[PDB]
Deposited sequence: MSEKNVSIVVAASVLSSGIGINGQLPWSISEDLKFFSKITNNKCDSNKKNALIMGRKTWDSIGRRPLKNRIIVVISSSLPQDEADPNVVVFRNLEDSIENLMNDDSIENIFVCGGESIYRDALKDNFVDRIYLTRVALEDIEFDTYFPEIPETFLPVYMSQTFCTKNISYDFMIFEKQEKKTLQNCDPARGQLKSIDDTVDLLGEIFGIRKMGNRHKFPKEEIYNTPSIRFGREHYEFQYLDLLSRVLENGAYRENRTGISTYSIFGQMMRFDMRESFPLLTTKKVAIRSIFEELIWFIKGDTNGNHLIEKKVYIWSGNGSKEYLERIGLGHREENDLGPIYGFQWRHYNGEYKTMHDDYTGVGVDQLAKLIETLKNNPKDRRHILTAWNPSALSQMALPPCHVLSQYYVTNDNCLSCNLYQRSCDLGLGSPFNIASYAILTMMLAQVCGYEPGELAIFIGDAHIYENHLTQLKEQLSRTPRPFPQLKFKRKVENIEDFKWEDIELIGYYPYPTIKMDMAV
């Protein structure tokens, strides 16, 4: 009655595992994971059994694996008794007799090609699945991993790792069966006595119907959950509130999201995100530009709503040209406190250049605690087409020469602005890291008013029904001299396999 687990590394979409008798990739850390998970035992006087098919036995050179016993399933191989570390069986059913007569075997691992995988799943021999999702799909496969049956549920999904620009995950699946202690009861009783006087009741845990992949309870390591859980928390505790637009929101206050940038790029996979528009807006900020037409001329329409004749006249800026957004992010980054006139004037030399001072300080005094870039200028708020949402950012150089970023966001549209903000400040930190000579670190986003617009409810709930996939990789094709020299052609997005786009309208 010992445990039987599948160990497999398959592609993220088509679940390919092999091609021409070998693997479609070469990931060293994945093999180490196979080695450590198949050697993991509890009894020093027992060994683990690794079951594999004959063709898989050929692909590993027909040589034994240390500290383990390999069980080859073959109809033609001679049942040789010379090697005690390799044993041959004529069928998979007869091979699963290490449970009974062989008390010297502690755990059993199935890992031997499509034929053995499919037979082990069809006959319900498998209890656990150790899946390594690999972000490679536009290549050739001839051997696939079977679709995981509905009797299995995911219980763990690791963060995204990177090897030679290849993104990969680690997941565990458990086969469902039938059907502290008093701390939960005491907390529930306290919540019944104190209604909303108990702060726990104002931060209720999301219900299962709005929880992304609810079967993953204690292993929600993938940092896309940092965004999906915020959606669920809003759906559970968001107060219905009006705002300056005609579209009400469900809002909560004081939230946090954390993302890794060392081994992945925080571009959401549960929805296809317009990465090009994000980059074009970011380089538009860096150049100090406030002319909205330059984004529209590059097929980027995210600032069209807040820069129309009707919207500008409504907020009392009818004197402006159609897309003259005024002194905003790009103008406070390069010309802070500069007297703004129009989008056509020359501002070279005006205001404080925070971005230049930031870059100079990052490489000359890295351990300084004042790497701050702000956009909140109370003297210029009335002239802006929209006050800053990503208000302030701080940057940090670790001891191992990595650049981390903290961002405070006063207002967060979780449907549209939030994924853009995550990717935008990830790219910005990477740009600062390359110009200053560091590596990307971490990205923390601290949110004030985190809200969901009521016309996004059907869409975001749809997005919550999609299990996340490994984050992609973002690499720069060339090293630039000035941070303003980055071009969209210099960006390489590797291994991005998202779910279909989800259309959502912006509230003007």
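Trainee: So which bits of the deposited sequence did not make it into the model?
Mentor: Model skips 1-2, 182-192 of the deposited chain.
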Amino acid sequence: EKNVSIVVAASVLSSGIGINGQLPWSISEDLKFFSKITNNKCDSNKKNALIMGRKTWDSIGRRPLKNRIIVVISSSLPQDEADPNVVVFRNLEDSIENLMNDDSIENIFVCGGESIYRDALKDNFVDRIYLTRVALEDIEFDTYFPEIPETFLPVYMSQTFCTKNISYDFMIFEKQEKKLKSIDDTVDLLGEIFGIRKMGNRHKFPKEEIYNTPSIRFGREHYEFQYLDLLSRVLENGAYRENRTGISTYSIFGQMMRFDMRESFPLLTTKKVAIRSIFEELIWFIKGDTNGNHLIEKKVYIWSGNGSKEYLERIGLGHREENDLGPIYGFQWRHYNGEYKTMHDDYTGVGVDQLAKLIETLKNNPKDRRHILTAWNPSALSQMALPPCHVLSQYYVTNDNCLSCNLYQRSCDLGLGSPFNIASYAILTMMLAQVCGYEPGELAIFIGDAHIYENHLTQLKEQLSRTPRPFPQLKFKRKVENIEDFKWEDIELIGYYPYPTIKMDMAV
From here on, numbers count along this sequence of modelled residues.
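In this text, rigid core is short for the largest set of C-alphas that superpose within 1.5 Å between two forms.
Trainee: What stretch shows more C-alpha movement in 8 other deposited structures of this protein relative to this form, 181-189 or 155-163, after the core is superposed?
Mentor: Of 181-189 and 155-163, the stretch deviating more in 8 other deposited structures of this protein is 181-189.
Trainee: Between 98-106 and 116-124, which has the larger RMS C-alpha deviation from this form in 8 other deposited structures of this protein after core superposition?
Mentor: More C-alpha displacement in 8 other deposited structures of this protein shows up in 98-106.
Trainee: Please work out which of 221-229 and 100-108 has the higher mean CA B-factor as recorded in the PDB entry.
Mentor: If you average the C-alpha B-factors of 221-229 and of 100-108, the larger mean comes out for 100-108.
Trainee: Would 493-501 or 480-488 have the larger average of its C-alpha temperature factors, as given in the entry?
Mentor: Stretch with the greater average CA B-factor: 480-488.
Trainee: Taking the values straight from the PDB record, which of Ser158, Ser215, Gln332, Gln79 has the highest C-alpha temperature factor?
Mentor: The record points to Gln79.
Trainee: When the CA B-factors of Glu263, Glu192, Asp169, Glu297 are compared as recorded in the entry, which is the largest?
Mentor: Largest recorded C-alpha B-factor: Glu297.
Trainee: Looking at the entry's B-factor column for C-alpha atoms only, identify whether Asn455 ranks in the lowest, middle or highest third of its chain.
Mentor: Within its chain, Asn455 is a middle-third residue by C-alpha B-factor, going by the deposited values.
Trainee: Taking only the Cα B-factors deposited for this chain, tell me whether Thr56 sits in the lowest, middle or highest third.
Mentor: It falls in the bottom third of the chain.
Trainee: For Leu50, does the deposited CA B-factor place it in the lowest, middle or highest third of the chain?
Mentor: For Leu50, whose C-alpha B-factor we compare with every modelled residue in the chain, the answer is the middle third.
Trainee: Using the B-factor values recorded in the entry, state whether the Cα atom of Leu443 falls in the lowest, middle or highest third among the modelled residues of its chain.
Mentor: CA B-factor rank for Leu443: lowest third.
Trainee: State the tercile, meaning the lowest, middle or highest third, of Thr163 with respect to the CA B-factors recorded for its chain.
Mentor: Highest third of the chain for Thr163's C-alpha B-factor.
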